[PDB]
Amino acid sequence: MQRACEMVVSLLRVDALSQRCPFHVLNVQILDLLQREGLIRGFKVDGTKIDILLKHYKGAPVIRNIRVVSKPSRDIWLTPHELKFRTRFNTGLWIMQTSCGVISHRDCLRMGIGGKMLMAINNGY
Amino acid sequence: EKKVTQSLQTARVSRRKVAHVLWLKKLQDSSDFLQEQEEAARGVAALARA
Amino acid sequence: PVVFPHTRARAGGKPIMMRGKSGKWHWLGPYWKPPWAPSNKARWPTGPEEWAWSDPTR
Amino acid sequence: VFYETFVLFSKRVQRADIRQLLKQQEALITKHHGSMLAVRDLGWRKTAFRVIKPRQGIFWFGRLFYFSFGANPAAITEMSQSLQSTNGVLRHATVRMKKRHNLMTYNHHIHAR
Amino acid sequence: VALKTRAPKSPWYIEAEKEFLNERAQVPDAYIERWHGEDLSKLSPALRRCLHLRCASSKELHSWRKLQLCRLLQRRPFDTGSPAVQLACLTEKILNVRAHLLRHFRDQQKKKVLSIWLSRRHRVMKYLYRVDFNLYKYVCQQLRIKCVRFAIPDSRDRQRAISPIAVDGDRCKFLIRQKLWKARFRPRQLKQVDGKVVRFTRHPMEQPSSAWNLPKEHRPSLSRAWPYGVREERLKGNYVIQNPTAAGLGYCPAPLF
Amino acid sequence: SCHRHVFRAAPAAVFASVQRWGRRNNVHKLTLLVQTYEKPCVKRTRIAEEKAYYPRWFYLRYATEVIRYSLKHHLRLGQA
Amino acid sequence: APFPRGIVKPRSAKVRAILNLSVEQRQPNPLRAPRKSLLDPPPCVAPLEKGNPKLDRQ
RNA sequence: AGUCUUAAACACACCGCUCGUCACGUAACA
RNA sequence: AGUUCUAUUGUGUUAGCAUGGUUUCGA
RNA sequence: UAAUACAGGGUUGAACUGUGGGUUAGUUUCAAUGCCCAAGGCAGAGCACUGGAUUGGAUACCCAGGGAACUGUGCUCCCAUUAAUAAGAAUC
RNA sequence: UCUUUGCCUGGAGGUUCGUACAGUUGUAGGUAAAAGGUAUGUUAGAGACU
RNA sequence: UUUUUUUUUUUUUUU
RNA sequence: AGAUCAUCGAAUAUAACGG
RNA sequence: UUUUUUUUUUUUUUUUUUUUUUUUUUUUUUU
RNA sequence: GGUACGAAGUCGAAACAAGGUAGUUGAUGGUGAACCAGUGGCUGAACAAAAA
């Protein structure tokens, strides 16, 4: 779980093209969801470290703000009816860790199952 | 495969010990008093018995 | 095989020199390499000189 | 392990004394489970500065001697103290025998080339 | 007013201290650097004396002991990283430093190094206990080391916690435990035959009995101590002690030195 | 110790050589320090300060040499 | 070289410019700070001349 | 005498700034 | 990371020695 | 801080091992100077102390004498408290 | 970006094994600015030169 | 006379 | 019938059972 | 008080490692 | 004994900047008041300061 929070520092760079990241089982699954939304150009497992590319548009990067909700020292859980109040009138991306794999916040409400808020992408206050 | 490395280790140490014996042999040869005292010792041994 | 590096933390502490007019070391001496130092190849790119000895077996 | 000792005699030292001195030393060697290696001589040596030793006088030169031996490491202290009490010996030192650098196996082609 | 001074040394403490050094100075009839007779045959009789252990130094003498002990617990030739070999190697290193501290007492820098090795050896036993239980008991018997099991977390109380210093209780009889001197367990002042009054900061080191934390035969009964009686195994006197290195109530572990 | 012999040279010229000899060995600096007792704390800071000023002096001394050398020769280097 | 018996650990920029060899500002680390450029706004400082400001355009 | 460099607890800027013993008066922990 | 072996040692302890400022002596 | 004895740490080569760890009390060593006690002495230095200077009205600044303090297996950590103002992991 | 230990809340103040052990910042008579610092000016029996 | 101080004194040597 | 943070008064800690 | 000579006693940091040379590799927005 | 506030008199020139001939600090000694002498540590340290 500790290695998951170490990906925000590397992926949050302006003047860079590719950054390394420690190899982890959970980290690989997270990158898949981000690529679908069009946030990561691509990634490759280089053995002990994973090389992840950075996407840019008109100079500025596609990622501008990263918020870590879940931490190794504690665990944030929200009911299906409570996640909607938290996440409303926004374009942000919340990573939800449900029993049936990992999915975004939009899919969590559709199934109505209780997920787990891991991190936030392109989120304001 | 571990047993294969066991034979290699024995050969490696064997060569190292071989070079050590050569150094000690030099000392013996180079030593004069060692030989002189040794030589004398032997002579007396036979004279006493005879 | 895949193996990850180990923690750089080690036992002991940093070098300390005793105070007062009696100059003496407490734990470690000047010849102490920290665990976060760079590789020796980069620190001494010149390497042994032509007039250097090729056998340090003193 | 092996050991080396360099003893610098004086002008007032005859061949009689040298034999006696070495015989005494051998006693200690044997005591501690040891054996003598070899004994050699270096002849006379010129001194850079005058040597003023108390109750001995003043000397400008002496006879340099060298002898190798081997005994227990604890025998170095006993040997060192014996030399100092004995007359004639004005200066001495004990040097451990090394593998490569030695006066036995390495004595040729030093100054030449 | 009493003066704080060091306590006198007990008569038995001095006698045991000298005996320990005598054992460490013993020189058996053997050879160093694995100088088997095969190579020694090429040397002269005179020269062979020098190579004997009697003519060897402390470094060579200490190294020889490690080889003999390693072979006793050697799984395969040229293998020293196994926990069984490491357990014996560390034991010899601790005694080597302890003997040096007796002759040299002004070397305060090495005092901290000894603690590192003592703690390091303790962690080795914990790992070996969970991976192999049968082997953990066999190694203790050969080395006469107090076997201790790790099945429950250790309590925070010092009167019943573990003590890495007293691990080798069988081999060391003067580093088992001592008395408390913190607030109420302090010693009372006394007057020597000197026309003066002094006080000891530390209590005297008494000689403990041989039955320190050992099983004993119990008697069946029904009282406060045994609300449900006494088990059958307890009566025979064969139960296994989980923490044999416990100092017990009203006692403290011995100091590091 | 230093010894010099006068041979076909004026006393003033010879005396100028021995005077500079002490500067290399710091004869004057050591003579005055031993006269007065200096506290150990002062030497702790003085020894460190001398390790930053003296190195800087050597670099500036070389720069002055180029100015004098180039003045008598004119010319100037550029990004050619 | 001389054998120092200790070391100085200053904290103020006043004496730090004397004991240390130099106090020149090195290039900022790209991994912590951005690269400086001439396009940044200038500092807000008023013009002064011997204590008398000059804020006239003739 | 006019500038340059450095230091500063002052900027009604050295006729600056600031501390201590003793004398008198009003009070809370007595 | 740790154990063994090998090369390396102005790091801890250590009684006699050599040299030297000061001091002391005058067949 | 040349020689010698005991035992540590760091760099490189081979073998072995195959997750052994980060922080750390109801815990344990060491720790400049000063003071009590003790051991001490015949050198180089000096607090207190009548021993030769003060003032434009008061003094320890400048010489000299001077019985405390200066080597401890001890009692013992008050400080401007001993190699920066973080003990670890990730981005070069 | 993440794990764990320790510590502080403007400045400021206190009666006139038993004389031992343990333990301590806090219950006021009073106050509204203590203070880090970039720059300018001024002073300097503090360094240099027309 | 020597020593010392910005200057001076105290102190020490006696053909 | 099961589970079900304690807080203030500054603080001062090891106690009760059997040989 | 100066110079010279020949052996008493206490004490032990003057000489001997260095242009701080890794992507310079790190110290805190503003005046 | 010691401390707070208001007013304000006498006796002194300690801090500032090398004038008090550097100045705060740990433990002692001493002095009508600035505090002063010695040892340890620090800079929150002023002046001066290398070629053959």
# chains A, B, ... in the order shown; residues from 1 in each chain; ligands from 1
call {"tool": "residues_around", "arguments": {"residues": "residue 32 of chain B", "least_positions_apart": "6", "cutoff": "12 Å", "atoms": "only C-alpha atoms (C1' of nucleotides)", "output": "number ranges by chain"}}
result
B: 26, 38-39; D: 36-40, 67-68, 104
call {"tool": "write_last_selection", "arguments": {"atoms": "N, CA, C and O atoms", "output": "compact mmCIF listing (two decimals), in the first residue's frame"}}
result
# COMPACT_ATOMS: atom_id res chain seq x y z
N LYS B 26 60.99 -21.11 -0.28
CA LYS B 26 61.99 -20.13 -0.47
C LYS B 26 62.76 -19.84 0.80
O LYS B 26 63.99 -19.76 0.81
N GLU B 38 70.44 -28.28 11.66
CA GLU B 38 69.87 -29.51 11.25
C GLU B 38 70.91 -30.54 10.88
O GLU B 38 70.83 -31.71 11.28
N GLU B 39 71.89 -30.18 10.12
CA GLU B 39 72.96 -30.99 9.68
C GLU B 39 73.74 -31.58 10.84
O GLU B 39 74.03 -32.78 10.90
N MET D 36 65.22 -20.49 15.24
CA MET D 36 65.93 -19.47 14.49
C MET D 36 65.91 -19.79 13.00
O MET D 36 65.98 -20.95 12.60
N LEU D 37 65.83 -18.79 12.16
CA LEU D 37 65.79 -18.82 10.74
C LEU D 37 67.17 -18.76 10.12
O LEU D 37 67.65 -19.68 9.47
N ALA D 38 67.86 -17.67 10.30
CA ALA D 38 69.12 -17.35 9.77
C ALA D 38 69.73 -16.12 10.39
O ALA D 38 69.00 -15.24 10.85
N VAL D 39 71.05 -16.03 10.40
CA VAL D 39 71.79 -14.88 10.92
C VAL D 39 72.75 -14.40 9.86
O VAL D 39 73.46 -15.20 9.26
N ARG D 40 72.76 -13.09 9.61
CA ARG D 40 73.63 -12.45 8.62
C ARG D 40 74.23 -11.19 9.21
O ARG D 40 73.86 -10.74 10.28
N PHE D 67 69.25 -10.57 12.04
CA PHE D 67 68.90 -11.91 12.35
C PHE D 67 67.41 -12.14 12.35
O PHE D 67 66.70 -11.35 12.97
N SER D 68 66.90 -13.15 11.73
CA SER D 68 65.55 -13.56 11.62
C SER D 68 65.23 -14.71 12.55
O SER D 68 66.08 -15.57 12.77
N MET D 104 65.25 -11.81 2.66
CA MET D 104 65.50 -13.18 2.39
C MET D 104 65.29 -13.56 0.94
O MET D 104 66.18 -14.07 0.26
call {"tool": "residues_around", "arguments": {"residues": "residue 21 of chain F", "least_positions_apart": "3", "cutoff": "12 Å", "atoms": "only C-alpha atoms (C1' of nucleotides)", "output": "PDB file with N, CA, C and O atoms (P, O5', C5', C4', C3', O3' and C1' of nucleotides), in the first residue's frame"}}
result
ATOM      1  N   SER F   1      67.295  25.150   9.842  1.00  0.00           N
ATOM      2  CA  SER F   1      68.540  25.954   9.776  1.00  0.00           C
ATOM      3  C   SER F   1      68.913  26.274   8.335  1.00  0.00           C
ATOM      4  O   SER F   1      68.767  25.431   7.456  1.00  0.00           O
ATOM      5  N   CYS F   2      69.396  27.492   8.088  1.00  0.00           N
ATOM      6  CA  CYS F   2      69.793  27.932   6.758  1.00  0.00           C
ATOM      7  C   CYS F   2      71.162  28.587   6.833  1.00  0.00           C
ATOM      8  O   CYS F   2      71.434  29.375   7.744  1.00  0.00           O
ATOM      9  N   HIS F   3      72.033  28.257   5.883  1.00  0.00           N
ATOM     10  CA  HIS F   3      73.376  28.818   5.797  1.00  0.00           C
ATOM     11  C   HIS F   3      73.648  29.242   4.371  1.00  0.00           C
ATOM     12  O   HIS F   3      73.377  28.486   3.439  1.00  0.00           O
ATOM     13  N   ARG F   4      74.182  30.441   4.196  1.00  0.00           N
ATOM     14  CA  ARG F   4      74.525  30.996   2.887  1.00  0.00           C
ATOM     15  C   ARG F   4      75.929  31.565   2.914  1.00  0.00           C
ATOM     16  O   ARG F   4      76.366  32.095   3.932  1.00  0.00           O
ATOM     17  N   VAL F  14      72.646  39.427  -0.590  1.00  0.00           N
ATOM     18  CA  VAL F  14      72.587  38.127   0.069  1.00  0.00           C
ATOM     19  C   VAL F  14      71.571  38.136   1.204  1.00  0.00           C
ATOM     20  O   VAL F  14      70.838  37.157   1.393  1.00  0.00           O
ATOM     21  N   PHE F  15      71.503  39.224   1.975  1.00  0.00           N
ATOM     22  CA  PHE F  15      70.575  39.289   3.096  1.00  0.00           C
ATOM     23  C   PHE F  15      69.119  39.223   2.653  1.00  0.00           C
ATOM     24  O   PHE F  15      68.260  38.838   3.453  1.00  0.00           O
ATOM     25  N   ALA F  16      68.822  39.587   1.405  1.00  0.00           N
ATOM     26  CA  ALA F  16      67.445  39.544   0.929  1.00  0.00           C
ATOM     27  C   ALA F  16      66.967  38.123   0.664  1.00  0.00           C
ATOM     28  O   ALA F  16      65.755  37.890   0.613  1.00  0.00           O
ATOM     29  N   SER F  17      67.886  37.171   0.493  1.00  0.00           N
ATOM     30  CA  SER F  17      67.489  35.793   0.222  1.00  0.00           C
ATOM     31  C   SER F  17      67.101  35.064   1.504  1.00  0.00           C
ATOM     32  O   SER F  17      66.081  34.366   1.546  1.00  0.00           O
ATOM     33  N   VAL F  18      67.903  35.215   2.561  1.00  0.00           N
ATOM     34  CA  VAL F  18      67.610  34.548   3.824  1.00  0.00           C
ATOM     35  C   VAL F  18      66.325  35.073   4.449  1.00  0.00           C
ATOM     36  O   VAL F  18      65.626  34.327   5.142  1.00  0.00           O
ATOM     37  N   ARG F  24      58.564  30.834   3.898  1.00  0.00           N
ATOM     38  CA  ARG F  24      58.160  29.506   3.438  1.00  0.00           C
ATOM     39  C   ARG F  24      57.956  28.548   4.603  1.00  0.00           C
ATOM     40  O   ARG F  24      56.987  27.795   4.616  1.00  0.00           O
ATOM     41  N   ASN F  25      58.853  28.574   5.586  1.00  0.00           N
ATOM     42  CA  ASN F  25      58.764  27.704   6.750  1.00  0.00           C
ATOM     43  C   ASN F  25      57.970  28.320   7.895  1.00  0.00           C
ATOM     44  O   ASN F  25      57.812  27.674   8.936  1.00  0.00           O
ATOM     45  N   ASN F  26      57.443  29.528   7.739  1.00  0.00           N
ATOM     46  CA  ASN F  26      56.675  30.206   8.768  1.00  0.00           C
ATOM     47  C   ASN F  26      57.468  30.331  10.065  1.00  0.00           C
ATOM     48  O   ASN F  26      56.936  30.143  11.160  1.00  0.00           O
ATOM     49  N   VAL F  27      58.756  30.646   9.948  1.00  0.00           N
ATOM     50  CA  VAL F  27      59.602  30.780  11.129  1.00  0.00           C
ATOM     51  C   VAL F  27      59.090  31.899  12.029  1.00  0.00           C
ATOM     52  O   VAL F  27      58.989  31.735  13.250  1.00  0.00           O
ATOM     53  N   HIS F  28      58.760  33.052  11.443  1.00  0.00           N
ATOM     54  CA  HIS F  28      58.277  34.175  12.240  1.00  0.00           C
ATOM     55  C   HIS F  28      56.934  33.872  12.890  1.00  0.00           C
ATOM     56  O   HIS F  28      56.721  34.219  14.058  1.00  0.00           O
TER      57      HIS F  28
ATOM     58  P     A O  50      49.604  37.835   3.159  1.00  0.00           P
ATOM     59  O5'   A O  50      50.590  36.602   2.885  1.00  0.00           O
ATOM     60  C5'   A O  50      50.811  36.132   1.562  1.00  0.00           C
ATOM     61  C4'   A O  50      52.133  35.366   1.484  1.00  0.00           C
ATOM     62  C3'   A O  50      52.462  34.814   0.094  1.00  0.00           C
ATOM     63  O3'   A O  50      53.866  34.872  -0.129  1.00  0.00           O
ATOM     64  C1'   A O  50      52.327  33.053   1.654  1.00  0.00           C
ATOM     65  P     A O  52      58.932  32.148  -2.631  1.00  0.00           P
ATOM     66  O5'   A O  52      59.598  31.475  -3.926  1.00  0.00           O
ATOM     67  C5'   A O  52      60.998  31.546  -4.132  1.00  0.00           C
ATOM     68  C4'   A O  52      61.407  30.846  -5.427  1.00  0.00           C
ATOM     69  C3'   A O  52      60.769  31.438  -6.680  1.00  0.00           C
ATOM     70  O3'   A O  52      61.452  32.589  -7.163  1.00  0.00           O
ATOM     71  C1'   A O  52      60.593  29.083  -6.702  1.00  0.00           C
TER      72        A O  52
END
call {"tool": "select_by_dssp", "arguments": {"residues": "chain C", "states": "alpha helix (DSSP H)", "output": "ChimeraX atom specification"}}
result
/C:40-43
call {"tool": "write_last_selection", "arguments": {"atoms": "N, CA, C and O atoms", "output": "PDB file, in the first residue's frame"}}
result
ATOM      1  N   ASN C  40      32.522   4.291  -6.357  1.00  0.00           N
ATOM      2  CA  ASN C  40      33.931   4.667  -6.403  1.00  0.00           C
ATOM      3  C   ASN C  40      34.396   5.000  -7.815  1.00  0.00           C
ATOM      4  O   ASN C  40      35.311   5.815  -7.976  1.00  0.00           O
ATOM      5  N   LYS C  41      33.803   4.396  -8.848  1.00  0.00           N
ATOM      6  CA  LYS C  41      34.205   4.672 -10.222  1.00  0.00           C
ATOM      7  C   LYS C  41      33.984   6.129 -10.586  1.00  0.00           C
ATOM      8  O   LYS C  41      34.846   6.747 -11.196  1.00  0.00           O
ATOM      9  N   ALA C  42      32.847   6.696 -10.200  1.00  0.00           N
ATOM     10  CA  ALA C  42      32.546   8.088 -10.506  1.00  0.00           C
ATOM     11  C   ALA C  42      33.359   9.058  -9.669  1.00  0.00           C
ATOM     12  O   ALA C  42      33.671  10.147 -10.140  1.00  0.00           O
ATOM     13  N   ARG C  43      33.704   8.698  -8.430  1.00  0.00           N
ATOM     14  CA  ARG C  43      34.477   9.587  -7.562  1.00  0.00           C
ATOM     15  C   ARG C  43      35.936   9.683  -7.983  1.00  0.00           C
ATOM     16  O   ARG C  43      36.559  10.715  -7.762  1.00  0.00           O
TER      17      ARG C  43
END
call {"tool": "atom_distance", "arguments": {"atom1": "atom CA of residue 5 of chain E", "atom2": "atom CA of residue 198 of chain E"}}
result
6.7 Å
call {"tool": "atom_distance", "arguments": {"atom1": "atom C1' of residue 9 of chain M", "atom2": "atom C1' of residue 26 of chain K"}}
result
13.5 Å
call {"tool": "atom_distance", "arguments": {"atom1": "atom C1' of residue 21 of chain O", "atom2": "atom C1' of residue 60 of chain J"}}
result
13.9 Å
call {"tool": "residues_around", "arguments": {"residues": "segment 54-64 of chain A", "least_positions_apart": "2", "cutoff": "12 Å", "atoms": "only C-alpha atoms (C1' of nucleotides)", "output": "ChimeraX atom specification"}}
result
/A:8-20,34-35,37-43,51-52,66-67,92-93,120-124
call {"tool": "closest_atom_pairs", "arguments": {"of": "chain N", "to": "segment 5-27 of chain G", "cutoff": "10 Å", "atoms": "only C-alpha atoms (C1' of nucleotides)", "output": "tab-separated table"}}
result
residue	atom	partner	partner_atom	distance
N:13	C1'	G:5	CA	8.9
N:20	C1'	G:21	CA	9.0
N:24	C1'	G:26	CA	7.7
N:26	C1'	G:26	CA	10.0
call {"tool": "interface_residues", "arguments": {"of": "chain C", "to": "chain O", "cutoff": "10 Å", "atoms": "only C-alpha atoms (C1' of nucleotides)", "output": "PyMOL selection string"}}
result
chain C and resi 19-21
call {"tool": "write_last_selection", "arguments": {"atoms": "C-alpha atoms", "output": "PDB file, in the first residue's frame"}}
result
ATOM      1  CA  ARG C  19      35.693  17.888  22.685  1.00  0.00           C
ATOM      2  CA  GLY C  20      38.390  19.567  24.760  1.00  0.00           C
ATOM      3  CA  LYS C  21      42.117  19.890  24.234  1.00  0.00           C
TER       4      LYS C  21
END
call {"tool": "closest_atom_pairs", "arguments": {"of": "chain C", "to": "chain D", "cutoff": "12 Å", "atoms": "only C-alpha atoms", "output": "tab-separated table"}}
result
residue	atom	partner	partner_atom	distance
C:55	CA	D:100	CA	10.1
C:56	CA	D:100	CA	10.4
C:57	CA	D:100	CA	7.5
C:58	CA	D:100	CA	7.2
call {"tool": "write_last_selection", "arguments": {"atoms": "C-alpha atoms", "output": "short mmCIF file (atom, residue, chain, number, x, y, z; two decimals), in the first residue's frame"}}
result
data_model
loop_
_atom_site.label_atom_id
_atom_site.label_comp_id
_atom_site.auth_asym_id
_atom_site.auth_seq_id
_atom_site.Cartn_x
_atom_site.Cartn_y
_atom_site.Cartn_z
CA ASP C 55 50.30 -4.76 -6.21
CA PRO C 56 49.20 -3.17 -2.90
CA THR C 57 50.20 -6.30 -0.97
CA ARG C 58 52.44 -4.50 1.54
#
call {"tool": "closest_atom_pairs", "arguments": {"of": "chain F", "to": "chain G", "cutoff": "12 Å", "atoms": "only C-alpha atoms", "output": "Markdown table"}}
result
| residue | atom | partner | partner_atom | distance |
| --- | --- | --- | --- | --- |
| F:40 | CA | G:5 | CA | 9.0 |
| F:41 | CA | G:6 | CA | 9.5 |
| F:42 | CA | G:5 | CA | 11.2 |
| F:43 | CA | G:5 | CA | 8.6 |
| F:44 | CA | G:6 | CA | 6.2 |
| F:45 | CA | G:8 | CA | 6.9 |
| F:46 | CA | G:19 | CA | 9.6 |
| F:47 | CA | G:4 | CA | 6.6 |
| F:48 | CA | G:19 | CA | 7.0 |
| F:49 | CA | G:19 | CA | 5.2 |
| F:50 | CA | G:19 | CA | 8.3 |
| F:51 | CA | G:19 | CA | 8.0 |
| F:52 | CA | G:21 | CA | 4.9 |
| F:53 | CA | G:21 | CA | 7.5 |
| F:54 | CA | G:21 | CA | 9.9 |
| F:55 | CA | G:21 | CA | 8.3 |
| F:56 | CA | G:21 | CA | 7.8 |
| F:57 | CA | G:21 | CA | 11.4 |
call {"tool": "write_last_selection", "arguments": {"atoms": "C-alpha atoms", "output": "mmCIF file, in the first residue's frame"}}
result
data_model
loop_
_atom_site.group_PDB
_atom_site.id
_atom_site.type_symbol
_atom_site.label_atom_id
_atom_site.label_comp_id
_atom_site.auth_asym_id
_atom_site.auth_seq_id
_atom_site.Cartn_x
_atom_site.Cartn_y
_atom_site.Cartn_z
ATOM 1 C CA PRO F 40 42.510 25.977 22.561
ATOM 2 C CA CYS F 41 39.135 27.457 21.539
ATOM 3 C CA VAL F 42 40.777 30.275 19.546
ATOM 4 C CA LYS F 43 42.935 27.817 17.592
ATOM 5 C CA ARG F 44 39.799 25.860 16.662
ATOM 6 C CA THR F 45 38.380 28.812 14.686
ATOM 7 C CA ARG F 46 41.702 30.259 13.467
ATOM 8 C CA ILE F 47 42.810 26.951 11.934
ATOM 9 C CA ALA F 48 39.593 26.721 9.892
ATOM 10 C CA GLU F 49 39.613 30.344 8.676
ATOM 11 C CA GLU F 50 43.113 30.008 7.164
ATOM 12 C CA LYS F 51 41.762 27.204 4.906
ATOM 13 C CA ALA F 52 39.498 29.569 2.939
ATOM 14 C CA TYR F 53 41.492 32.803 2.561
ATOM 15 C CA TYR F 54 44.848 31.401 1.434
ATOM 16 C CA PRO F 55 43.382 29.300 -1.442
ATOM 17 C CA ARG F 56 41.586 32.387 -2.786
ATOM 18 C CA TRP F 57 44.843 34.377 -2.822
#
call {"tool": "closest_atom_pairs", "arguments": {"of": "chain E", "to": "chain I", "cutoff": "6 Å", "atoms": "only C-alpha atoms (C1' of nucleotides)", "output": "tab-separated table"}}
result
residue	atom	partner	partner_atom	distance
E:80	CA	I:3	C1'	5.5
E:81	CA	I:3	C1'	5.0
E:86	CA	I:3	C1'	5.7
E:107	CA	I:13	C1'	5.5
E:109	CA	I:12	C1'	5.7
call {"tool": "residues_around", "arguments": {"residues": "residue 13 of chain H", "least_positions_apart": "3", "cutoff": "12 Å", "atoms": "only C-alpha atoms (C1' of nucleotides)", "output": "PyMOL selection string"}}
result
(chain H and resi 10+16-17) or (chain K and resi 41-43)
